[PDB]
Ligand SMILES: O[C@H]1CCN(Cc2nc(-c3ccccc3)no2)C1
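Below sits a lone chain in structure tokens, taken as the form solved without the ligand.
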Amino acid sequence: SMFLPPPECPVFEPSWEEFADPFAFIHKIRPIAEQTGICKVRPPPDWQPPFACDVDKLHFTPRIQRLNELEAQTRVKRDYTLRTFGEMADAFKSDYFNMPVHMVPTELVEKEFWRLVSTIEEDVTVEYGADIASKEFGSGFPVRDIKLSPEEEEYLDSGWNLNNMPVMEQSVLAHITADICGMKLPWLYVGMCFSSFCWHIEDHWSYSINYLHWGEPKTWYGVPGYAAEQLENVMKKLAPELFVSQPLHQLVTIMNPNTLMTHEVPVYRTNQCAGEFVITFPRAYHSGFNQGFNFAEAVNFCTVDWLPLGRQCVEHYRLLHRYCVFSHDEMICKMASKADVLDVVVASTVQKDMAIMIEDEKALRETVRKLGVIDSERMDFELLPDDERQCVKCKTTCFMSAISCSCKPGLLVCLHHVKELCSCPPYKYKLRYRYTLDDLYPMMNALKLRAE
């Protein structure tokens, strides 16, 4: 009736030992958590990062949000101090329910959220903050500059400090030189009651990890990675407008979990409270809303486990003609080029992915040869701005190889879309390649050595 809450997602309480290494721990829980898409992690009670801030000096620009189910919204791109926002947000929740904010049951806000997003009689609109850390509004975790407490430095380089999550050596996005700005850096989220984030998966099917610093809880819904296409099909029918192609302007939407459960999509939920961690697994759809005033920090990340998924995702993007954030192949080769200083298990996994990359590339080069492309020249793709090296057809970011033509100066196609560049005859085409097969096999061999 009304709303049936989805079954709760797995909750984990690592001891200090298992908690010590984030990447170790995530790998342990992975067979469990990947069945539910999201999971929750409560740090040992000991572990308590000092969030220190002046609520008056931290300003940010509010984004505005209408609350209608199945209505398209864009993924994020006056002015509030954290205090004035806190005051607006508590006033709002308190007025909406005629109650003190911490006396509204979470059950109720959930019920009420889904009621007001379906009723287009109501048009409730809320505000929120979303931004990567900057000079006016910084990470809620300890960084490096002012002088820190003796305890603030304890957490200064914890693995669960989310600033450290990109740059760790068991992470893969780590050694990406390319400034994948929005991806490798933490986002900051200032919530109020009903402010929400629509159904989505992460760029390149990466993990994410989300930390609630303080404030009222955040409610999550999650779908395991294996049911992603099932969910997408359900959303194609009930809301086909979200799927019309787009030059960052992906459309995402709010949709009732019960609607998905009804169509046999497994959904899980949790309330994330202050000091708890939520982890989303690869290709795991999620959405949720805030119970009231709160502050969260989140970051994208990639493990060795993810590398094959990372390849599969880029293949998938190509079919969808969806833009890439970074070149998977460029990442692999950068790792191969630093094979000597690589973590050994990392090296073994890069090696297996390199092996696939190379044999696919061999085949693709044979194919474009038999299409009459004869001329060729090495090309340093990594020097090109990403928008200067997308396949004109499927929009994938080129790095291993591309086809150019003197007839269409500056355009490129991947080797899958040779026939889609221009109407000149094959001998006017040119294979632009980063590496010869002879350059590549030694790069892989260095990985095999480092892994033994």
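For every residue, the number given is its place in the sequence shown, counted from 1.
Quick note: we don't show the form solved in complex with the ligand, though the next part is all about it.
- When the ligand is superposed onto this form from its pose in the bound PDB entry, none of its atoms comes within 2.4 Å of a backbone or C-beta atom, and the site is therefore classed as open.
- For the options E241, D340, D79, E366, the one in contact with the ligand in the bound PDB entry, meaning a heavy atom within 4.5 Å, is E366.
- Residue in contact with the ligand in the bound PDB entry (any heavy atom within 4.5 Å), chosen from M400, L58, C414, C405: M400.
- Only one segment in the set 88-96, 354-362, 232-240, 165-173 has any non-hydrogen atom within 4.5 angstroms of the ligand in the bound PDB entry, and it is 354-362.
- The closest non-hydrogen atom of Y435 lies within 4.5 Å of the ligand in the bound PDB entry.
- For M443, no non-hydrogen atom is located within 4.5 Å of the ligand in the bound PDB entry, even though that partner is not displayed.
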